[PDB]
>>> print(open('data06.pdb').read())   # PDB, C-alpha atoms and all ligand atoms
ATOM      1  CA  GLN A   1      39.557 -16.986  -1.327
ATOM      2  CA  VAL A   2      38.907 -20.672  -0.550
ATOM      3  CA  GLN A   3      40.141 -22.187   2.708
ATOM      4  CA  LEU A   4      41.138 -25.866   3.033
ATOM      5  CA  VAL A   5      41.710 -27.784   6.283
ATOM      6  CA  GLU A   6      43.075 -31.346   6.152
ATOM      7  CA  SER A   7      42.518 -33.734   9.073
ATOM      8  CA  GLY A   8      42.799 -37.394   9.944
ATOM      9  CA  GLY A   9      46.550 -37.817   9.795
ATOM     10  CA  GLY A  10      48.532 -39.695  12.377
ATOM     11  CA  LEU A  11      50.486 -42.870  12.936
ATOM     12  CA  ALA A  12      49.107 -45.907  11.106
ATOM     13  CA  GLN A  13      50.306 -49.486  11.021
ATOM     14  CA  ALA A  14      51.215 -51.154   7.727
ATOM     15  CA  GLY A  15      48.307 -52.664   5.827
ATOM     16  CA  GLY A  16      45.814 -50.716   7.900
ATOM     17  CA  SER A  17      43.472 -48.040   6.669
ATOM     18  CA  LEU A  18      43.004 -44.343   7.331
ATOM     19  CA  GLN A  19      40.370 -41.816   6.321
ATOM     20  CA  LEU A  20      41.549 -38.274   5.601
ATOM     21  CA  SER A  21      39.133 -35.351   5.453
ATOM     22  CA  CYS A  22      39.417 -31.953   3.792
ATOM     23  CA  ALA A  23      36.972 -29.266   4.890
ATOM     24  CA  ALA A  24      36.574 -26.432   2.380
ATOM     25  CA  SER A  25      35.077 -23.098   3.407
ATOM     26  CA  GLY A  26      34.792 -19.604   1.998
ATOM     27  CA  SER A  27      33.451 -18.950  -1.509
ATOM     28  CA  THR A  28      33.203 -22.596  -2.550
ATOM     29  CA  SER A  29      30.333 -22.341  -5.062
ATOM     30  CA  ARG A  30      32.763 -21.976  -7.995
ATOM     31  CA  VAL A  31      34.901 -24.947  -6.914
ATOM     32  CA  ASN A  32      34.002 -27.889  -9.160
ATOM     33  CA  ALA A  33      37.050 -30.135  -8.615
ATOM     34  CA  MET A  34      39.062 -31.246  -5.591
ATOM     35  CA  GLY A  35      42.338 -33.120  -5.423
ATOM     36  CA  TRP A  36      44.407 -34.974  -2.868
ATOM     37  CA  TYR A  37      48.177 -34.762  -3.197
ATOM     38  CA  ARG A  38      50.996 -36.242  -1.179
ATOM     39  CA  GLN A  39      54.629 -35.266  -0.620
ATOM     40  CA  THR A  40      56.607 -38.349   0.426
ATOM     41  CA  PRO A  41      59.966 -37.741   2.164
ATOM     42  CA  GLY A  42      62.590 -36.516  -0.276
ATOM     43  CA  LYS A  43      60.245 -36.432  -3.288
ATOM     44  CA  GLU A  44      58.094 -33.973  -5.220
ATOM     45  CA  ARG A  45      54.458 -33.426  -4.318
ATOM     46  CA  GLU A  46      52.243 -35.587  -6.508
ATOM     47  CA  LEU A  47      48.553 -35.852  -7.290
ATOM     48  CA  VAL A  48      47.049 -38.984  -5.726
ATOM     49  CA  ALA A  49      43.329 -38.665  -6.491
ATOM     50  CA  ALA A  50      40.868 -36.100  -7.806
ATOM     51  CA  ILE A  51      37.099 -35.763  -8.068
ATOM     52  CA  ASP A  52      34.933 -33.299  -9.973
ATOM     53  CA  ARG A  53      31.362 -32.094  -9.479
ATOM     54  CA  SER A  54      29.945 -34.810 -11.735
ATOM     55  CA  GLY A  55      31.405 -37.384  -9.336
ATOM     56  CA  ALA A  56      34.093 -38.642 -11.722
ATOM     57  CA  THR A  57      37.321 -39.785 -10.086
ATOM     58  CA  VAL A  58      40.854 -40.406 -11.242
ATOM     59  CA  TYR A  59      43.777 -41.926  -9.368
ATOM     60  CA  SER A  60      47.514 -42.126  -9.742
ATOM     61  CA  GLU A  61      48.984 -45.516 -10.594
ATOM     62  CA  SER A  62      50.618 -45.663  -7.149
ATOM     63  CA  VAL A  63      47.273 -45.770  -5.284
ATOM     64  CA  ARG A  64      44.838 -47.080  -7.900
ATOM     65  CA  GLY A  65      42.629 -49.793  -6.417
ATOM     66  CA  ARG A  66      43.778 -48.961  -2.861
ATOM     67  CA  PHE A  67      42.555 -45.378  -2.315
ATOM     68  CA  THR A  68      39.040 -43.988  -2.786
ATOM     69  CA  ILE A  69      38.201 -40.282  -3.025
ATOM     70  CA  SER A  70      34.664 -39.198  -2.159
ATOM     71  CA  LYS A  71      32.797 -36.054  -1.221
ATOM     72  CA  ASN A  72      30.014 -34.767   0.986
ATOM     73  CA  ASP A  73      28.691 -31.905  -1.129
ATOM     74  CA  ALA A  74      26.255 -30.896   1.637
ATOM     75  CA  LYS A  75      29.164 -29.959   3.947
ATOM     76  CA  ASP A  76      31.936 -29.178   1.408
ATOM     77  CA  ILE A  77      34.099 -32.065   2.640
ATOM     78  CA  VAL A  78      36.285 -34.328   0.488
ATOM     79  CA  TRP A  79      37.409 -37.692   1.860
ATOM     80  CA  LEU A  80      40.406 -39.843   0.956
ATOM     81  CA  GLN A  81      39.938 -43.451   2.074
ATOM     82  CA  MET A  82      43.396 -45.052   2.182
ATOM     83  CA  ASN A  83      43.590 -48.845   2.326
ATOM     84  CA  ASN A  84      46.396 -51.402   2.454
ATOM     85  CA  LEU A  85      48.891 -48.804   3.663
ATOM     86  CA  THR A  86      52.626 -49.427   3.329
ATOM     87  CA  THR A  87      55.659 -47.501   4.518
ATOM     88  CA  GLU A  88      55.762 -46.078   0.970
ATOM     89  CA  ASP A  89      52.534 -44.171   1.808
ATOM     90  CA  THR A  90      54.262 -42.131   4.533
ATOM     91  CA  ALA A  91      53.880 -38.493   3.461
ATOM     92  CA  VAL A  92      52.221 -35.168   4.112
ATOM     93  CA  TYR A  93      48.815 -35.299   2.431
ATOM     94  CA  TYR A  94      47.461 -32.054   0.973
ATOM     95  CA  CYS A  95      44.048 -31.049  -0.329
ATOM     96  CA  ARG A  96      43.631 -28.657  -3.259
ATOM     97  CA  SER A  97      40.711 -26.879  -4.905
ATOM     98  CA  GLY A  98      40.159 -26.256  -8.581
ATOM     99  CA  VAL A  99      37.906 -24.078 -10.704
ATOM    100  CA  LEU A 100      37.558 -25.752 -14.075
ATOM    101  CA  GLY A 101      36.634 -23.191 -16.703
ATOM    102  CA  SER A 102      35.127 -23.028 -20.139
ATOM    103  CA  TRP A 103      35.306 -25.670 -22.858
ATOM    104  CA  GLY A 104      36.244 -25.365 -26.498
ATOM    105  CA  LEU A 105      33.884 -25.997 -29.376
ATOM    106  CA  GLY A 106      35.304 -29.517 -29.688
ATOM    107  CA  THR A 107      36.677 -31.575 -32.582
ATOM    108  CA  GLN A 108      35.097 -34.743 -33.966
ATOM    109  CA  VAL A 109      37.014 -38.042 -33.810
ATOM    110  CA  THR A 110      35.556 -40.951 -35.801
ATOM    111  CA  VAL A 111      37.278 -44.335 -35.804
ATOM    112  CA  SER A 112      36.301 -46.660 -38.631
ATOM    113  CA  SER A 113      35.901 -50.427 -38.917
TER     114      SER A 113
ATOM    115  CA  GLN B   1      37.684 -14.518 -20.913
ATOM    116  CA  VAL B   2      39.743 -17.539 -22.013
ATOM    117  CA  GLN B   3      39.128 -18.842 -25.545
ATOM    118  CA  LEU B   4      39.845 -22.460 -26.534
ATOM    119  CA  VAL B   5      39.959 -23.789 -30.105
ATOM    120  CA  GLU B   6      40.465 -27.523 -30.689
ATOM    121  CA  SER B   7      41.852 -28.946 -33.906
ATOM    122  CA  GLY B   8      43.039 -32.257 -35.322
ATOM    123  CA  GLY B   9      39.987 -34.485 -35.146
ATOM    124  CA  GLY B  10      39.096 -36.611 -38.134
ATOM    125  CA  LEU B  11      38.528 -40.071 -39.561
ATOM    126  CA  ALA B  12      41.008 -42.726 -38.463
ATOM    127  CA  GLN B  13      41.145 -46.474 -38.912
ATOM    128  CA  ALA B  14      41.387 -48.753 -35.899
ATOM    129  CA  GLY B  15      44.971 -48.950 -34.681
ATOM    130  CA  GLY B  16      45.765 -45.562 -36.223
ATOM    131  CA  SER B  17      46.725 -42.359 -34.473
ATOM    132  CA  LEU B  18      45.547 -38.757 -34.249
ATOM    133  CA  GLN B  19      47.046 -35.623 -32.727
ATOM    134  CA  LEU B  20      44.626 -33.107 -31.264
ATOM    135  CA  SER B  21      45.661 -29.555 -30.481
ATOM    136  CA  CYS B  22      44.004 -26.900 -28.345
ATOM    137  CA  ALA B  23      45.010 -23.251 -28.751
ATOM    138  CA  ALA B  24      44.259 -21.064 -25.728
ATOM    139  CA  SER B  25      44.058 -17.288 -26.005
ATOM    140  CA  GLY B  26      42.895 -14.455 -23.796
ATOM    141  CA  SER B  27      43.889 -13.996 -20.151
ATOM    142  CA  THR B  28      45.703 -17.312 -19.725
ATOM    143  CA  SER B  29      48.328 -16.361 -17.131
ATOM    144  CA  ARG B  30      46.201 -17.728 -14.264
ATOM    145  CA  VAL B  31      45.434 -20.994 -16.121
ATOM    146  CA  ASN B  32      47.688 -23.693 -14.629
ATOM    147  CA  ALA B  33      45.812 -26.840 -15.698
ATOM    148  CA  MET B  34      44.387 -28.134 -18.966
ATOM    149  CA  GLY B  35      42.206 -31.152 -19.616
ATOM    150  CA  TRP B  36      40.954 -33.120 -22.589
ATOM    151  CA  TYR B  37      37.449 -34.555 -22.423
ATOM    152  CA  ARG B  38      35.372 -36.677 -24.728
ATOM    153  CA  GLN B  39      31.612 -36.874 -25.237
ATOM    154  CA  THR B  40      30.526 -40.056 -26.964
ATOM    155  CA  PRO B  41      27.005 -40.017 -28.461
ATOM    156  CA  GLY B  42      24.335 -40.325 -25.786
ATOM    157  CA  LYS B  43      26.713 -40.127 -22.805
ATOM    158  CA  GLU B  44      28.138 -37.529 -20.454
ATOM    159  CA  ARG B  45      31.356 -35.716 -21.289
ATOM    160  CA  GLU B  46      34.221 -37.472 -19.493
ATOM    161  CA  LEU B  47      37.817 -36.677 -18.596
ATOM    162  CA  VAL B  48      40.451 -38.311 -20.780
ATOM    163  CA  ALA B  49      43.692 -36.603 -19.725
ATOM    164  CA  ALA B  50      44.877 -33.570 -17.794
ATOM    165  CA  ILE B  51      48.200 -31.765 -17.293
ATOM    166  CA  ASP B  52      49.210 -28.996 -14.897
ATOM    167  CA  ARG B  53      51.806 -26.205 -15.028
ATOM    168  CA  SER B  54      54.485 -28.430 -13.461
ATOM    169  CA  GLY B  55      54.097 -31.128 -16.109
ATOM    170  CA  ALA B  56      52.176 -33.599 -13.959
ATOM    171  CA  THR B  57      49.700 -35.635 -15.984
ATOM    172  CA  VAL B  58      46.841 -37.978 -15.210
ATOM    173  CA  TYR B  59      44.837 -40.193 -17.580
ATOM    174  CA  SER B  60      41.618 -42.147 -17.436
ATOM    175  CA  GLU B  61      42.019 -45.919 -17.213
ATOM    176  CA  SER B  62      40.625 -46.373 -20.727
ATOM    177  CA  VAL B  63      43.419 -44.420 -22.472
ATOM    178  CA  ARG B  64      46.475 -44.947 -20.253
ATOM    179  CA  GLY B  65      49.448 -45.972 -22.367
ATOM    180  CA  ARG B  66      47.616 -45.032 -25.596
ATOM    181  CA  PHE B  67      47.157 -41.281 -25.200
ATOM    182  CA  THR B  68      49.748 -38.674 -24.269
ATOM    183  CA  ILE B  69      48.918 -35.136 -23.182
ATOM    184  CA  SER B  70      51.626 -32.500 -23.603
ATOM    185  CA  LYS B  71      51.900 -28.727 -23.676
ATOM    186  CA  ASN B  72      53.713 -25.854 -25.383
ATOM    187  CA  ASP B  73      53.754 -23.196 -22.668
ATOM    188  CA  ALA B  74      55.457 -20.784 -25.077
ATOM    189  CA  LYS B  75      52.386 -20.807 -27.349
ATOM    190  CA  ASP B  76      49.606 -21.715 -24.862
ATOM    191  CA  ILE B  77      48.830 -24.893 -26.807
ATOM    192  CA  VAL B  78      48.055 -28.328 -25.409
ATOM    193  CA  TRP B  79      48.238 -31.501 -27.438
ATOM    194  CA  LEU B  80      46.604 -34.911 -27.152
ATOM    195  CA  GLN B  81      48.506 -37.630 -28.997
ATOM    196  CA  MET B  82      45.935 -40.388 -29.529
ATOM    197  CA  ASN B  83      47.448 -43.757 -30.487
ATOM    198  CA  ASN B  84      45.920 -47.221 -31.002
ATOM    199  CA  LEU B  85      42.482 -45.819 -31.727
ATOM    200  CA  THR B  86      39.488 -48.135 -31.422
ATOM    201  CA  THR B  87      35.892 -47.642 -32.501
ATOM    202  CA  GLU B  88      35.002 -46.927 -28.863
ATOM    203  CA  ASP B  89      37.065 -43.717 -29.085
ATOM    204  CA  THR B  90      34.561 -42.100 -31.475
ATOM    205  CA  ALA B  91      33.372 -38.895 -29.792
ATOM    206  CA  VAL B  92      33.612 -35.129 -29.821
ATOM    207  CA  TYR B  93      36.838 -34.268 -27.978
ATOM    208  CA  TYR B  94      36.904 -31.076 -25.920
ATOM    209  CA  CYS B  95      39.683 -29.034 -24.367
ATOM    210  CA  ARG B  96      39.128 -27.295 -21.022
ATOM    211  CA  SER B  97      41.126 -24.901 -18.857
ATOM    212  CA  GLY B  98      41.392 -24.889 -15.076
ATOM    213  CA  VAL B  99      42.772 -22.762 -12.240
ATOM    214  CA  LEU B 100      44.045 -24.937  -9.390
ATOM    215  CA  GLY B 101      44.315 -23.008  -6.144
ATOM    216  CA  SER B 102      46.479 -22.842  -3.040
ATOM    217  CA  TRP B 103      47.301 -25.658  -0.652
ATOM    218  CA  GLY B 104      46.259 -26.316   2.895
ATOM    219  CA  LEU B 105      48.750 -26.954   5.653
ATOM    220  CA  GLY B 106      48.415 -30.689   4.977
ATOM    221  CA  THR B 107      48.135 -33.618   7.357
ATOM    222  CA  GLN B 108      50.997 -35.987   8.165
ATOM    223  CA  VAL B 109      50.556 -39.740   7.703
ATOM    224  CA  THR B 110      53.255 -42.061   9.084
ATOM    225  CA  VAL B 111      53.024 -45.795   8.323
ATOM    226  CA  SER B 112      54.903 -48.045  10.747
ATOM    227  CA  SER B 113      56.512 -51.491  10.412
TER     228      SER B 113
HETATM  229  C1  LIG A 201      34.088 -31.743  -6.546
HETATM  230  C2  LIG A 201      33.719 -30.555  -5.689
HETATM  231  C3  LIG A 201      32.492 -29.693  -5.646
HETATM  232  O1  LIG A 201      31.872 -29.497  -6.682
HETATM  233  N1  LIG A 201      32.177 -29.188  -4.407
HETATM  234  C4  LIG A 201      32.926 -29.513  -3.261
HETATM  235  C5  LIG A 201      33.962 -28.676  -2.899
HETATM  236  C6  LIG A 201      34.763 -28.875  -1.795
HETATM  237  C7  LIG A 201      34.577 -29.958  -0.971
HETATM  238  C8  LIG A 201      33.581 -30.865  -1.241
HETATM  239  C9  LIG A 201      32.848 -30.555  -2.362
HETATM  240  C10 LIG A 201      30.991 -28.375  -4.257
HETATM  241  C11 LIG A 201      31.355 -26.937  -3.977
HETATM  242  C12 LIG A 201      30.145 -26.121  -3.592
HETATM  243  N2  LIG A 201      29.356 -26.709  -2.527
HETATM  244  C13 LIG A 201      28.232 -25.813  -2.299
HETATM  245  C14 LIG A 201      28.257 -24.914  -1.087
HETATM  246  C15 LIG A 201      27.144 -23.930  -1.153
HETATM  247  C16 LIG A 201      25.925 -24.216  -0.578
HETATM  248  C17 LIG A 201      24.898 -23.303  -0.644
HETATM  249  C18 LIG A 201      25.096 -22.101  -1.283
HETATM  250  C19 LIG A 201      26.314 -21.811  -1.855
HETATM  251  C20 LIG A 201      27.339 -22.725  -1.788
HETATM  252  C21 LIG A 201      28.864 -27.976  -3.036
HETATM  253  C22 LIG A 201      30.035 -28.916  -3.218
HETATM  254  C1  LIG A 202      49.264 -26.456 -17.924
HETATM  255  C2  LIG A 202      48.742 -25.109 -18.344
HETATM  256  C3  LIG A 202      49.559 -23.864 -18.192
HETATM  257  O1  LIG A 202      50.284 -23.759 -17.212
HETATM  258  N1  LIG A 202      49.382 -22.938 -19.189
HETATM  259  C4  LIG A 202      48.888 -23.352 -20.439
HETATM  260  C5  LIG A 202      47.579 -23.060 -20.762
HETATM  261  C6  LIG A 202      47.072 -23.460 -21.979
HETATM  262  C7  LIG A 202      47.909 -24.141 -22.837
HETATM  263  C8  LIG A 202      49.221 -24.535 -22.721
HETATM  264  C9  LIG A 202      49.495 -24.043 -21.466
HETATM  265  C10 LIG A 202      50.134 -21.708 -19.112
HETATM  266  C11 LIG A 202      49.264 -20.489 -19.328
HETATM  267  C12 LIG A 202      50.091 -19.230 -19.472
HETATM  268  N2  LIG A 202      51.174 -19.352 -20.432
HETATM  269  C13 LIG A 202      51.958 -18.129 -20.426
HETATM  270  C14 LIG A 202      52.344 -16.800 -21.023
HETATM  271  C15 LIG A 202      51.974 -16.862 -22.460
HETATM  272  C16 LIG A 202      50.946 -16.080 -22.936
HETATM  273  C17 LIG A 202      50.580 -16.127 -24.262
HETATM  274  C18 LIG A 202      51.236 -16.967 -25.129
HETATM  275  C19 LIG A 202      52.259 -17.752 -24.651
HETATM  276  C20 LIG A 202      52.628 -17.706 -23.326
HETATM  277  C21 LIG A 202      52.055 -20.396 -19.951
HETATM  278  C22 LIG A 202      51.336 -21.716 -20.026
END
>>> encode(input="data06.pdb", output="structure tokens", more="lines below")
Ligand SMILES: CCC(=O)N(c1ccccc1)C1CCN(CCc2ccccc2)CC1
Ligand SMILES: CCC(=O)N(c1ccccc1)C1CCN(CCc2ccccc2)CC1
Amino acid sequence: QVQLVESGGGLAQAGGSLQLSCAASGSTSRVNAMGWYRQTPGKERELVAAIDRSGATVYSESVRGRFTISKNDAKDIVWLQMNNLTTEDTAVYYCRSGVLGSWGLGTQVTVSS
Amino acid sequence: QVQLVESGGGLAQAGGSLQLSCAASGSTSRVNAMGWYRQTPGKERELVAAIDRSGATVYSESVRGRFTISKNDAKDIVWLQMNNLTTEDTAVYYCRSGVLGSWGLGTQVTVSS
């Protein structure tokens, strides 16, 4: 029962920058990953950037180097800094929560020489 | 109550390839994301690749083009095809399940000119 509210959208000029926010409320203590997605006109919704509780980030090829995902843990807010915008960035941007669960026992990989 | 068992690790020479598998059992119907992590000696466990129930994948920069994550939904098994191994890939590799939640209403971004 986690609630997500995205803000910061609007009209932006090409090459400019925007900052999107996603405010999470409800039972957020279990949420240890957050993701930003976008649905560009005519296309499928796609992951753009994600961040987990350790602070690790990962980005899609289409935004890598341009977008930055960050978080304010004290207020349960995730931010998507979008730079160097083009018309190809026009989309509805969506925030999503994740509860990452248990791990396996693992398997050793050793690479020689 | 989800159990994960990784297999397929071993000794490989540089430039070789490995195929890891992760068998999930238990109450898996809610699990709609799976990730592979690695923990090299002395460092934090780190995301290598993840896949969700719609087939979307994301990879860390260090493995993109070398590793492929895939899934057999019929058997609740995920695979990590590891190609072009280097000595820096030596680690314990872990599988991990995740439940990604609902979406917000989203926020529209329109980029002009
Ligand atoms: C990568 C995400 C992550 O791990 N989080 C997160 C989630 C959404 C948006 C921004 C960040 C945490 C979720 C839990 N909040 C704690 C809230 C709290 C405070 C006091 C008592 C009980 C609960 C810390 C941040
Ligand atoms: C991307 C992850 C994902 O969506 N899952 C998944 C989880 C782990 C590993 C591979 C996939 C689904 C979990 C539920 N199973 C469904 C039903 C079932 C039950 C028992 C045996 C076989 C099938 C479909 C796949």
>>> resolve_selection(input="data06.pdb", expression="the PyMOL selection byres (((not hetatm)) within 6 of (chain A and resi 201))", output="list in words")
residues 24, 28, 29, 31, 32, 33, 34, 51, 52, 53, 71, 72, 73, 76, 77 and 78 of chain A
>>> calpha_fit_and_write(input="data06.pdb", fixed="chain A", moving="chain B", output="compact mmCIF listing (two decimals) with C-alpha atoms, in the frame of the given file")
# COMPACT_ATOMS: atom_id res chain seq x y z
CA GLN B 1 39.66 -16.76 -0.40
CA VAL B 2 39.09 -20.52 -0.05
CA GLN B 3 40.34 -22.16 3.16
CA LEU B 4 41.23 -25.86 3.35
CA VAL B 5 41.83 -27.83 6.56
CA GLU B 6 42.95 -31.47 6.33
CA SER B 7 42.41 -33.98 9.11
CA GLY B 8 42.77 -37.70 9.75
CA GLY B 9 46.46 -38.37 9.27
CA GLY B 10 48.28 -40.51 11.79
CA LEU B 11 50.29 -43.63 12.50
CA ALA B 12 49.09 -46.79 10.75
CA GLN B 13 50.54 -50.26 10.41
CA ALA B 14 51.14 -51.75 6.98
CA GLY B 15 47.92 -53.15 5.58
CA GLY B 16 45.85 -50.80 7.74
CA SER B 17 43.58 -48.00 6.65
CA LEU B 18 43.14 -44.27 7.23
CA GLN B 19 40.42 -41.80 6.32
CA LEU B 20 41.51 -38.26 5.53
CA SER B 21 39.06 -35.38 5.45
CA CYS B 22 39.37 -31.90 3.99
CA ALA B 23 36.96 -29.17 5.09
CA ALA B 24 36.61 -26.29 2.63
CA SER B 25 35.23 -22.92 3.69
CA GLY B 26 35.02 -19.47 2.17
CA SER B 27 33.78 -18.71 -1.34
CA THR B 28 33.49 -22.31 -2.53
CA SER B 29 30.60 -22.02 -5.00
CA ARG B 30 32.98 -21.75 -7.98
CA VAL B 31 35.11 -24.71 -6.80
CA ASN B 32 34.12 -27.73 -8.93
CA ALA B 33 37.18 -29.96 -8.44
CA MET B 34 39.15 -31.19 -5.45
CA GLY B 35 42.41 -33.10 -5.33
CA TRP B 36 44.49 -34.94 -2.77
CA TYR B 37 48.26 -34.73 -3.05
CA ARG B 38 51.13 -36.23 -1.14
CA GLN B 39 54.65 -34.95 -0.49
CA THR B 40 57.03 -37.68 0.59
CA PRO B 41 60.27 -36.50 2.24
CA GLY B 42 62.72 -35.10 -0.31
CA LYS B 43 60.35 -35.29 -3.30
CA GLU B 44 57.88 -33.09 -5.13
CA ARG B 45 54.23 -32.99 -4.10
CA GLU B 46 52.28 -35.36 -6.36
CA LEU B 47 48.65 -35.96 -7.25
CA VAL B 48 47.03 -38.96 -5.58
CA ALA B 49 43.33 -38.57 -6.42
CA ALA B 50 40.91 -35.97 -7.74
CA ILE B 51 37.12 -35.64 -8.02
CA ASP B 52 34.95 -33.11 -9.84
CA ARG B 53 31.44 -31.74 -9.26
CA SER B 54 29.86 -34.50 -11.39
CA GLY B 55 31.45 -37.28 -9.34
CA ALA B 56 34.13 -38.22 -11.86
CA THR B 57 37.31 -39.42 -10.18
CA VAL B 58 40.85 -40.15 -11.27
CA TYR B 59 43.69 -41.78 -9.32
CA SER B 60 47.42 -42.14 -9.70
CA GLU B 61 48.61 -45.60 -10.72
CA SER B 62 50.21 -46.16 -7.31
CA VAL B 63 46.94 -45.95 -5.34
CA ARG B 64 44.29 -47.22 -7.77
CA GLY B 65 42.10 -49.80 -6.06
CA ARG B 66 43.51 -48.88 -2.62
CA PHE B 67 42.35 -45.29 -2.21
CA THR B 68 38.87 -43.86 -2.71
CA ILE B 69 38.11 -40.15 -3.00
CA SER B 70 34.58 -39.03 -2.18
CA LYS B 71 32.76 -35.82 -1.34
CA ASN B 72 29.99 -34.38 0.83
CA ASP B 73 28.74 -31.48 -1.27
CA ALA B 74 26.29 -30.55 1.49
CA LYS B 75 29.18 -29.77 3.86
CA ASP B 76 31.98 -28.90 1.38
CA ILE B 77 34.09 -31.80 2.66
CA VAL B 78 36.16 -34.23 0.63
CA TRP B 79 37.40 -37.54 1.94
CA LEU B 80 40.29 -39.82 1.04
CA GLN B 81 39.77 -43.41 2.19
CA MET B 82 43.27 -44.89 2.26
CA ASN B 83 43.33 -48.71 2.43
CA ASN B 84 46.18 -51.25 2.29
CA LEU B 85 48.76 -48.73 3.46
CA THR B 86 52.43 -49.48 2.83
CA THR B 87 55.53 -47.78 4.17
CA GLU B 88 55.89 -46.02 0.80
CA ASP B 89 52.69 -44.07 1.58
CA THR B 90 54.40 -42.10 4.38
CA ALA B 91 54.08 -38.42 3.45
CA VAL B 92 52.30 -35.19 4.25
CA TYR B 93 48.93 -35.38 2.46
CA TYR B 94 47.46 -32.15 1.11
CA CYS B 95 44.02 -31.17 -0.12
CA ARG B 96 43.66 -28.70 -3.00
CA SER B 97 40.76 -26.96 -4.72
CA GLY B 98 40.36 -26.27 -8.43
CA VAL B 99 38.10 -24.36 -10.83
CA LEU B 100 37.73 -26.22 -14.13
CA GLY B 101 36.55 -23.95 -16.91
CA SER B 102 34.38 -24.05 -20.02
CA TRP B 103 34.70 -26.39 -22.98
CA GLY B 104 35.78 -25.80 -26.53
CA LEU B 105 33.66 -26.83 -29.48
CA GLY B 106 35.55 -30.14 -29.57
CA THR B 107 36.92 -32.12 -32.49
CA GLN B 108 35.27 -35.24 -33.91
CA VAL B 109 37.25 -38.47 -34.21
CA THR B 110 35.70 -41.36 -36.18
CA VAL B 111 37.49 -44.73 -36.19
CA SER B 112 36.62 -47.00 -39.12
CA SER B 113 36.60 -50.79 -39.58
>>> atom_distance(input="data06.pdb", atom1="atom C12 of ligand LIG 202 (chain A)", atom2="CA of residue 30 in chain B")
6.7 Å
>>> residues_near_point(input="data06.pdb", point="(36.9, -19.2, 1.4)", cutoff="7 Å", atoms="only C-alpha atoms", output="PyMOL selection string")
chain A and resi 1-3+25-28
>>> resolve_selection(input="data06.pdb", expression="the PyMOL selection byres ((chain B) within 9 of (chain A and not hetatm))", output="ChimeraX atom specification")
/B:1-14,16,18,20,22,33-34,38,46-47,56-61,85-113
>>> atom_distance(input="data06.pdb", atom1="CA of residue 82 in chain A", atom2="CA of residue 63 in chain A")
8.4 Å
>>> atom_distance(input="data06.pdb", atom1="CA of residue 62 in chain A", atom2="CA of residue 81 in chain A")
14.3 Å
>>> decode(input="data06.pdb", residues="range 70-83 of chain A", atoms="N, CA and C atoms", output="PDB file, in the first residue's frame")
ATOM      1  N   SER A  70      18.415  10.513  -8.068  1.00  0.00           N
ATOM      2  CA  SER A  70      18.912  10.732  -6.718  1.00  0.00           C
ATOM      3  C   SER A  70      17.739  10.607  -5.759  1.00  0.00           C
ATOM      4  N   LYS A  71      18.042  10.618  -4.467  1.00  0.00           N
ATOM      5  CA  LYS A  71      16.987  10.420  -3.486  1.00  0.00           C
ATOM      6  C   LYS A  71      17.268  11.237  -2.242  1.00  0.00           C
ATOM      7  N   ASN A  72      16.185  11.657  -1.605  1.00  0.00           N
ATOM      8  CA  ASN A  72      16.197  12.254  -0.280  1.00  0.00           C
ATOM      9  C   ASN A  72      15.512  11.241   0.633  1.00  0.00           C
ATOM     10  N   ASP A  73      16.319  10.368   1.239  1.00  0.00           N
ATOM     11  CA  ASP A  73      15.776   9.345   2.123  1.00  0.00           C
ATOM     12  C   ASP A  73      15.000   9.939   3.295  1.00  0.00           C
ATOM     13  N   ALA A  74      15.404  11.117   3.777  1.00  0.00           N
ATOM     14  CA  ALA A  74      14.748  11.723   4.931  1.00  0.00           C
ATOM     15  C   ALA A  74      13.298  12.111   4.646  1.00  0.00           C
ATOM     16  N   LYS A  75      12.927  12.297   3.380  1.00  0.00           N
ATOM     17  CA  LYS A  75      11.566  12.695   3.033  1.00  0.00           C
ATOM     18  C   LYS A  75      10.881  11.711   2.094  1.00  0.00           C
ATOM     19  N   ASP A  76      11.524  10.589   1.789  1.00  0.00           N
ATOM     20  CA  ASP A  76      11.016   9.601   0.827  1.00  0.00           C
ATOM     21  C   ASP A  76      10.678  10.238  -0.520  1.00  0.00           C
ATOM     22  N   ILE A  77      11.646  10.966  -1.071  1.00  0.00           N
ATOM     23  CA  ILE A  77      11.519  11.600  -2.380  1.00  0.00           C
ATOM     24  C   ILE A  77      12.635  11.078  -3.276  1.00  0.00           C
ATOM     25  N   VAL A  78      12.290  10.727  -4.515  1.00  0.00           N
ATOM     26  CA  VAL A  78      13.268  10.390  -5.544  1.00  0.00           C
ATOM     27  C   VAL A  78      13.214  11.471  -6.612  1.00  0.00           C
ATOM     28  N   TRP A  79      14.382  11.862  -7.105  1.00  0.00           N
ATOM     29  CA  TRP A  79      14.524  12.937  -8.073  1.00  0.00           C
ATOM     30  C   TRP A  79      15.090  12.365  -9.362  1.00  0.00           C
ATOM     31  N   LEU A  80      14.615  12.877 -10.488  1.00  0.00           N
ATOM     32  CA  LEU A  80      15.190  12.588 -11.796  1.00  0.00           C
ATOM     33  C   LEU A  80      15.614  13.926 -12.399  1.00  0.00           C
ATOM     34  N   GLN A  81      16.920  14.184 -12.403  1.00  0.00           N
ATOM     35  CA  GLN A  81      17.479  15.345 -13.081  1.00  0.00           C
ATOM     36  C   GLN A  81      17.668  15.010 -14.556  1.00  0.00           C
ATOM     37  N   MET A  82      16.983  15.746 -15.423  1.00  0.00           N
ATOM     38  CA  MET A  82      17.020  15.516 -16.862  1.00  0.00           C
ATOM     39  C   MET A  82      17.745  16.672 -17.532  1.00  0.00           C
ATOM     40  N   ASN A  83      18.858  16.376 -18.193  1.00  0.00           N
ATOM     41  CA  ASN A  83      19.635  17.393 -18.882  1.00  0.00           C
ATOM     42  C   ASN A  83      19.662  17.144 -20.383  1.00  0.00           C
TER      43      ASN A  83
END
